[PDB]
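To start, the structure itself, in structure tokens.
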Amino acid sequence: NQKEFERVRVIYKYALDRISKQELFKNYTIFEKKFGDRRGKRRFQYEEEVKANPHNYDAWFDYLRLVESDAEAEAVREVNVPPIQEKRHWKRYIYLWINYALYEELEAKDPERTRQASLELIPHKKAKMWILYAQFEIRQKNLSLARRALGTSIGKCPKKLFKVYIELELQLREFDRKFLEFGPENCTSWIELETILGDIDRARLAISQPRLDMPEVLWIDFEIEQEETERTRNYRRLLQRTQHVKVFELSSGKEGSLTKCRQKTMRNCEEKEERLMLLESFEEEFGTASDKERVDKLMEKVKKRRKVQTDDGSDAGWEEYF
Amino acid sequence: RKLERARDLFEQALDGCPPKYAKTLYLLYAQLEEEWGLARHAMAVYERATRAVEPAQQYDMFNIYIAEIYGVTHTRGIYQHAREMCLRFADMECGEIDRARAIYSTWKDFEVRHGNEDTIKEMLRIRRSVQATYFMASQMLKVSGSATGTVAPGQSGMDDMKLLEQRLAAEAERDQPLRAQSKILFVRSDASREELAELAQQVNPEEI
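Protein chains in written order, with our numbering: chain A, 11 to 332; chain B, 1492 to 1699.
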């Protein structure tokens, strides 16, 4: 109230050297008051009141004190930088739960380390496939972000579920900047999973042929991808794949005959339908496949009337069959 | 400028004057000095007029630095009602659960938190309702339907019983639905449910 600046700081510093030993809630209140007096550059006690209150938060148990270690470390980070990181490392490791601090610290630890590159990476990384993953995208990427910025986390993440898929995409990007890296992904696909690497390598002819041979050798969704790829490329091998797979699967064989034999679909189709009915009231696919075969026929009015004749023929033959 | 600050030193009477003066320095773009003025106002007028200062002071200072810790602290000092919610809504998108705890620290407020928690993903929201229970039963009833439908699953079904029993013909349809849901096992409990709702019809009819 006497408009003193320096004398108030003398009083405040002469007070808070002994009086906080009980403890410091009124110290933080007087810090906020001194930040108020400075208001009416000068946000020094803003940090000191927050940091004292952060440490003042009692550590009870292991995860509670380690949760507080995440709070005050972020407060210290934004505002002995090594000793605060070391005291943070001992707080996370000294945890009673001993299960969640592995995922909590790793984050904090990595950040601290980042905030020189060769030593930090060796500490975090500290097994046969991991060394094989490193030799393909450590020196080759030559990049601050991604090859070395997923050369350690990616390995750490797996032990991800999409590791064989991500590692195959990493080699395809590194080799192209290629049939050397794509074959390494194709070889690791066999060790369902191999069909993913087969469909990707062919998308970049020879790849398509490889995608077929592989599938064949291996052995309902997997064969549908290989059958649709060999059919779209430009009807003989589409029917061959249907015979060695379809035997959803019955509905797939009907959909295959619609596209492959679109341009003896009625005879064979109906025969199959009846056979399925006999091999198990359940004749809803014979009237439905016949109504679509009639409507799909080229002729409108004549095309729609022909679809009604084909659909009604299956219904009449189905209704008169026990 | 000093000629103006002489006013800050003396003859204080109304806030309008305060916001006006801070707007002067803002026009001169002293920025941080201006924020100081809002510091000097609020030490005076206490939790009433101070809010009238503080809502504009927040909207502005957040607009300036956009540094987190300082303004965060400023809301912290500030907090000692809707202003907290706007402010919290700001902080989360410029810890989230922490904010939800703050809003938690009324039905509409409960509804919001639940929304933001759903934004952080589904799992919390079922959790939120348990906090929610302690007209509210309608909100609670809705949560139970949402929660009763959702299900841990045994604890959830038993919770459906605890909620249906927690406290209306549509609700009878709800308990009857919960009974019907069982593969020939929710009958007895279902008939008991319709019986309880009938008892509610009795207590309702008994009312004058």
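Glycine included, each C-beta is placed from N, C-alpha and C at the ideal position.
Per-residue DSSP class, three states only, for residue i
| i | result |
| --- | --- |
| A/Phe185 | helix |
| A/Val255 | coil |
| B/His1572 | coil |
| B/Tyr1595 | helix |
| A/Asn66 | helix |
| B/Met1649 | helix |
| B/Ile1675 | coil |
| A/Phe332 | coil |
| B/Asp1499 | helix |
| B/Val1634 | helix |
| A/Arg125 | coil |
| B/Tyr1570 | helix |
| A/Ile164 | helix |
Closer than 8 Å to chain A by CB, residue i
| i | result |
| --- | --- |
| B/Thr1641 | no |
| B/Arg1531 | yes |
| B/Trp1598 | no |
| B/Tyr1517 | no |
| B/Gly1568 | yes |
| B/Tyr1520 | no |
| B/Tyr1561 | yes |
| B/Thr1564 | yes |
| B/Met1552 | no |
| B/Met1652 | no |
| B/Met1534 | yes |
Minimum Cβ-Cβ distance from residue i to chain B less than 8 Å
| i | result |
| --- | --- |
| A/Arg53 | yes |
| A/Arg49 | yes |
| A/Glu42 | yes |
| A/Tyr38 | no |
| A/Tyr56 | yes |
| A/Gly208 | no |
| A/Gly46 | yes |
| A/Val20 | no |
| A/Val91 | no |
| A/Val60 | yes |
Contact check, residue i vs residue j, beta carbons under 8 Å
| i | j | result |
| --- | --- | --- |
| B/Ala1513 | B/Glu1525 | yes |
| A/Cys271 | A/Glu303 | no |
| B/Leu1654 | B/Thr1639 | yes |
| A/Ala62 | A/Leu34 | yes |
| B/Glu1662 | B/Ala1688 | yes |
| A/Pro64 | A/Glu82 | yes |
| A/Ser324 | A/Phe292 | no |
| A/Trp100 | A/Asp72 | no |
| A/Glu184 | A/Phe146 | yes |
| A/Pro220 | A/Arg212 | yes |
| A/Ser261 | A/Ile234 | no |
| B/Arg1604 | B/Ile1594 | yes |
| A/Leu248 | A/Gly266 | yes |
| A/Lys307 | A/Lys314 | no |
| A/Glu58 | A/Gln95 | no |
| A/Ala299 | A/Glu283 | yes |
| B/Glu1608 | B/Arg1619 | yes |
Distance, residue j Cα to residue i Cα
| i | j | result |
| --- | --- | --- |
| B/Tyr1550 | B/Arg1679 | 58 Å |
| B/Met1583 | B/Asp1589 | 9 Å |
| B/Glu1685 | B/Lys1612 | 35 Å |
| A/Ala156 | A/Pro194 | 20 Å |
| B/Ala1547 | B/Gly1507 | 12 Å |
| A/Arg187 | A/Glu240 | 30 Å |
| A/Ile217 | A/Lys317 | 41 Å |
| A/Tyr56 | A/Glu42 | 7 Å |
| A/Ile210 | A/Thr198 | 14 Å |
| B/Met1627 | B/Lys1633 | 10 Å |
| A/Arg246 | A/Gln253 | 11 Å |
| A/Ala144 | A/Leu74 | 37 Å |
| A/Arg243 | A/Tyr175 | 25 Å |
| B/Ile1560 | B/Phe1553 | 11 Å |
| A/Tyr113 | A/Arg98 | 14 Å |
| B/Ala1573 | B/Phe1580 | 10 Å |
| A/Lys36 | A/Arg17 | 19 Å |
| B/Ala1530 | B/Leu1500 | 14 Å |
| A/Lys170 | A/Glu204 | 17 Å |
| A/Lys188 | A/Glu226 | 25 Å |
| B/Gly1648 | B/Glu1575 | 36 Å |
| A/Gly50 | A/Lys44 | 10 Å |
| A/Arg102 | A/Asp80 | 9 Å |
| B/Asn1695 | B/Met1631 | 21 Å |
Exercise for the section: For the region 74-89 of chain A, enumerate the residues whose C-beta is nearer than 8 Å to any C-beta of chain E, in chain order. Expected result: No chain E appears in the structure shown, which is made up of the protein chains A and B.
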